[PDB]
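One chain comes next, on its own, written out as structure tokens in the form deposited in one PDB entry.
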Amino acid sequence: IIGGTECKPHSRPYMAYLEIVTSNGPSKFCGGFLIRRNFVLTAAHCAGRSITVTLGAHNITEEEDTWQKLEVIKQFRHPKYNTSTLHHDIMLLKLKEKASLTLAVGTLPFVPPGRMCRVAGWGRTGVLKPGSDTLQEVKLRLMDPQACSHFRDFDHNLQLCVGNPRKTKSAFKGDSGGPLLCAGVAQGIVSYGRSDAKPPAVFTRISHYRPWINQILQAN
């Protein structure tokens, strides 16, 4: 998160931290969010050969008794996700086990408006800056699909366009999989943007995927 502020500790009890392990040399992290005791929602590009979800965290280096750390037993990336258009950048992860719903671990209930949104993550706070230990949140303005014109592969039906170009505030590298919340409702998922950090950034439109989602949760 660029140009945000530290969340109050444990205000986002649905925020997952993910440690992805790649078949090559492992090591990257994404955000996510708990939507069912044993289901976490995140961006498709965060797939790896193994993933460990840390729920309940705020400073992710400091261990504390709100934490619950779980392995992922099944990776459910969208069948139509395409690595060179980044369409359908959405993945559900099945946890080994049902997380305990506590104050600090809970699910996410499955004139500008209305289109005032927040996003949080532990990702980079500048273009080549380190990530954040403490979970960071930023307030972003949702936008017209014309603002994301330069992103050759944007589709207004599949994706949202987030952030004021005139401002520095944005989700960034390592924020992927994070949920965008507009007036209380989860509307988007951090996907990508320009590597120079200049807003707007593209997020996956959750609304387009509620049918495929509830499909995964009906089996499984």
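The first residue of the sequence shown is number 1, and the count goes up from there. So that the term is clear: the rigid core is the largest set of C-alpha atoms that superpose within 1.5 Å between two forms.
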Checklist line | residue 38 unmodelled in at least a third of other compared entries | finding: no
Next item on the list: Say whether residue 68, which has coordinates in the shown structure, is without coordinates in a third or more of the other compared entries.
Entry: no
Check: Just how many deposited residues go unmodelled from residue 110 to residue 111: none, 1 to 3, 4 to 9, or 10 or more?
Finding: 4 to 9
Notebook entry, point to check: Between 172-180 and 147-155, which has the higher average C-alpha B-factor in the PDB entry?
Noted result: 147-155
Notebook entry, point to check: Quick one: higher average CA temperature factor, 125-133 or 80-88?
Noted result: 80-88
Item checked: Highest-ranked of 58, 167, 45, 69 once sorted by CA temperature factor in the record -> 167
Notebook entry, point to check: Based on the entry's values, in what third of the chain does the Cα temperature factor of residue 50 lie: lowest, middle or highest?
Noted result: middle
Next item on the list: State the tercile, meaning the lowest, middle or highest third, of residue 119 with respect to the CA B-factors recorded for its chain.
Entry: lowest
Notebook entry, point to check: Taking the C-alpha B-factors as the PDB entry records them, is residue 15 in the lowest, middle or highest third of its chain?
Noted result: lowest
Item checked: Third of the chain's Cα B-factor distribution that residue 191 belongs to, per the entry -> lowest
Next item on the list: Could you say whether, by C-alpha temperature factor, residue 25 belongs to the lowest, middle or highest third of its chain?
Entry: highest
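Not on display, but discussed next: the form deposited in another entry.
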Next item on the list: Once the rigid core is lined up, just say which one of 129, 98, 74, 139 has a C-alpha that travels 2 Å or more between the shown form and the other one.
Entry: 129
Check: Which way does the C-alpha gap of residue 134 and residue 125 go in the other form, closer or farther, given it changes by 3 angstroms or more?
Finding: farther
Check: Once you compare with this form, do the C-alpha atoms of residue 127 and residue 46 lie closer or farther in the other form, given a change of 3 Å or more?
Finding: closer
